[PDB]
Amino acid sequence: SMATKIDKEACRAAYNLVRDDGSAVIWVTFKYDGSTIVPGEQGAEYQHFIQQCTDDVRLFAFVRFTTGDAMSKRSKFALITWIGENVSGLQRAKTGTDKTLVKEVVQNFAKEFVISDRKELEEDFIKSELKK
């Protein structure tokens, strides 16, 4: 059984991309390429991110959400571990615990989520949770 590996250089670059004020990329994913975690799709629109979250896949994501009650909006970042509902038992556990490895790269975020219900990826839901 192969232990998980991570391409830290490639992953750190994707993470930095979301953090950069010079970037129009608000979401990036990290997926398994064999047993190595590498960057997956990336985008400017959150809805396109939800489309990546199929019940058959497991991925991690780093997202920049725009929040704010007053006139002065504030960016909030989230780490999301998405584990599709059809993911095998052994791999679901491996994924759940691989997030500490991913957090060695994704070091800063307002809140982290572990989600298996597609309804919780809705921006309204995520943002209401970010306010707690």
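For every residue, the number given is its place in the sequence shown, counted from 1.
Here the stretch with the larger average CA B-factor, out of 41-49 and 63-71, is 63-71.
Mean C-alpha B-factor is higher over 92-100 than over the other stretch, the pair under comparison being 92-100 and 25-33. The entry lists a Cα temperature factor for residue 112 that places it in the lowest third of the chain's modelled residues.
Ranked within its chain, residue 123 lands in the highest third, by CA B factor from the PDB record.
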